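Please read the structure below before turning to the comments.
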Amino acid sequence: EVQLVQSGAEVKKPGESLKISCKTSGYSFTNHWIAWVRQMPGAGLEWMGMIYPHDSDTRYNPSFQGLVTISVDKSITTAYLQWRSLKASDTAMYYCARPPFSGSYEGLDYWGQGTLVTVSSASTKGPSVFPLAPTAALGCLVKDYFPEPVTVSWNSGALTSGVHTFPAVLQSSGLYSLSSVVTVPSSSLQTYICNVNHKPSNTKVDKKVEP
Amino acid sequence: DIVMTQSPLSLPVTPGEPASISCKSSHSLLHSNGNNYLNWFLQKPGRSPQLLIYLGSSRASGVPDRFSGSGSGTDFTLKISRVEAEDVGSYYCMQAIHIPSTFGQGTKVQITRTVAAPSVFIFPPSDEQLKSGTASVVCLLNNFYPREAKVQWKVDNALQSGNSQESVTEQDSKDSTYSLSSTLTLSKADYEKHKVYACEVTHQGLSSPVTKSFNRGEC
Ligand SMILES: OC[C@H]1O[C@H](O)[C@@H](O)[C@@H](O)[C@@H]1O
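For the record, the sequence lines run as chains A and B.
Numbers 1112 to 1322, taken from the working numbering, label the letters of the first sequence in order.
Numbers 125 to 343, taken from the working numbering, label the letters of the second sequence in order.
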């Protein structure tokens, strides 16, 4: 099975360099182009450049040339994207991608899961998790964190039906907040636990939500 | 660079019915070798793009055969023969005849369903949060359709403004509804000056606005 497994979310200071990775498996690494694509939040897709790993032949979008460098390490079938000096405008989701066939570039097929890059002067802040206590409805309020993202699951992933995890809202304090809710049978009120992870701040919480 | 123009940018459609998206390039995508270097992708909420059609008209492996592509030169069309609920998301074309590759702006497919009223729930702030001097009051509007909905916060029947924020989910892939949360934020000092906290919800599925409320400290 083809896999493009990208490195985790990054928060960096302006002016810093950065290199993100795309670990490939399941196919002949050396004879498939790997392309990098930017997606600004809620926006479209912009092609940055690509590399043929066999001989590190590259082709760049002129608007990104010199701003980024693409490279590979064949020994671990991994491609890289590097900024010499990050700017605030580089805050975005970045994808790696692979054409349907080996050899000449014919467009894209497989996409990595994406790497979120946040360029900020601010220090990381972990969330406080508060209960939304209870068809009944209940959930968790994940308040005051930076940067994105946070993940939320319910009962270690065992409760998925009826869950709605909302888009984060940016508060006037400059910090994010989000809510996750679930509707459950009124008769049960079962043990309900929201699992919150904010990896940038090593914050991990399992809040029991009770009436 | 080649400019890719997609139309419409927003596409309402009903499951079972056909749907079709146009992608027009400023320059021919027809290679000397006879192939048109145009691929179609679907990007579902929170996911990476997934290939649907490559080289103009080849269905990618695993794509349901209700998806098809056609066109040549500068005019291309993605066609869904019988839309399903699960097809909600954004659709993109990409050309690969000229460096740099360029994408259309994306067509957002919205799945039409019958009007559905929200179930409304109100949540007072937790005792834990009130310790820290802020009060977040949350109003949940669950599983409604269409997306337009008005949430009105009232504190001791006084209309609030400037102290709330809203977040809305993407259309559900199975039932095609939306959900919305509104959070009213007050200082602990302001929260304790008042008794009745209410969110009033206006929506097409409701004959009259629906109000959920609580009295501070009483349960
Ligand atoms: O909406 C149809 C849909 O079917 C599958 O479930 C998905 O994996 C997509 O690849 C495809 O577009």
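We treat Cβ as the ideally placed atom computed from N, Cα and C, and that holds for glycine.
Residue nearest to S306 of chain B within the set B:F247, B:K312, B:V279, B:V320 is B:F247 (criterion: CA-CA distance). Taking 7 Å as the cut-off, one finds no heavy atom of ligand 1 near enough to the beta carbon of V233 of chain B.
When 9 Å is used as the limit between beta carbons, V262 of chain B is near these residues of chain A: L1243, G1250, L1252, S1290, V1292, in chain order. For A313 of chain B, there is no enclosing beta strand (DSSP E); the residue is part of the alpha helix (DSSP H) that begins and ends at 312–316. Contact between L179 of chain B and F191 of chain B does not hold, since the beta-carbon distance rounds to 14 Å and is not under 8 Å.
Nearest neighbour of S250 of chain B by Cα position, chosen from B:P242, B:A259, B:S243, turns out to be B:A259. The beta-carbon of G230 of chain B is placed less than 8 Å from the nearest beta-carbon of chain A.
For the 8 Å CB-CB criterion, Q167 of chain B and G228 of chain B do not form a contact. By the neighbour-count criterion, in which a residue is buried when 16 or more other Cβ atoms sit within 10 angstroms of its Cβ, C343 of chain B is exposed.
Judged by DSSP secondary structure, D251 of chain B falls within the alpha helix (DSSP H) whose first and last residues are 251–255. Counting the other Cβ atoms within 10 Å of the Cβ of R1209 of chain A gives 16 or more, which makes it buried. Closest option to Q1282 of chain A, judged by alpha-carbon separation, among B:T309, B:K298, B:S300: B:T309. Taking the C-beta atoms as reference points, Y1216 of chain A is found no nearer than 8 Å to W1147 of chain A.
Between the stretch 204–218 of chain B and the stretch 142–160 of chain B, the count of Cβ pairs shorter than 8 Å is three or higher; the stretches touch.
Just measuring C-alpha positions, the residue of A:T1271, A:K1185, A:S1299 sitting nearest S1136 of chain A is A:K1185. Sequence-distant Cβ neighbours of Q1301 of chain A in its own chain, meaning closer than 8 Å and more than five residues away, are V1295. Cβ-Cβ distances below 7 Å link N1142 of chain A to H1165, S1213, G1214 in the same chain, with the five nearest sequence neighbours on each side left out; the list follows chain order. From the listed residues A:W1158, A:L1129, A:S1312, A:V1263, the smallest Cα separation to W1194 of chain A is found for A:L1129. Boundaries of the beta strand (DSSP E) harbouring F268 of chain B: 258–268, taken from the DSSP string.
Boundaries cannot be given for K298 of chain B, as no beta strand (DSSP E) includes it and DSSP labels it neither H nor E.
One thing to note: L1192 of chain A has its Cβ within 8 Å of the Cβ of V1179 of chain A.
DSSP places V1274 of chain A in the uninterrupted beta strand (DSSP E) bounded by 1274–1276.
Put simply, the backbone Cα of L304 of chain B is about 10 Å away from that of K274 of chain B. In this structure, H155 of chain B lies away from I223 of chain B, with their beta-carbon atoms at least 8 Å apart. Taking a cut-off of 8 Å on C-beta distances, the stretch 1265–1281 of chain A does not touch the stretch 1117–1129 of chain A, as fewer than three cross pairs fall below it. For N339 of chain B, no chain A residue has a C-beta closer than 9 Å to its own C-beta; the minimum C-beta separation is roughly 16 Å. In this model, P242 of chain B and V1274 of chain A are separated by some 15 Å (Cα to Cα). The same chain holds no residue with a CB closer than 8 Å to that of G286 of chain B once the five nearest residues on each side in sequence are set aside. For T1246 of chain A, the residues of chain B that pass the 9 Å Cβ criterion are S243, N266, in the order they occur in the chain. With respect to the C-alpha of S331 of chain B, the residue from B:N163, B:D299, B:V239 having the closest C-alpha is B:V239. The three-state reading of DSSP puts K1124 of chain A in coil, since its state is none of H, G, I, E or B. Per DSSP, reduced to three states, the secondary structure at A1279 of chain A is coil, with no helix or strand assignment.
Per DSSP, the unbroken beta strand (DSSP E) holding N1306 of chain A starts and ends at 1304–1309. For the options A:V1280, A:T1229, A:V1316, the alpha carbon positioned closest to that of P1242 of chain A is the one of A:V1316. With distances taken between CA atoms, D125 of chain B lies nearest to A:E1157 out of A:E1157, A:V1113, A:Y1138, A:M1151. The shortest C-alpha to C-alpha distance from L162 of chain B to any of B:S172, B:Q174, B:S181, B:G170 is the one to B:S181.
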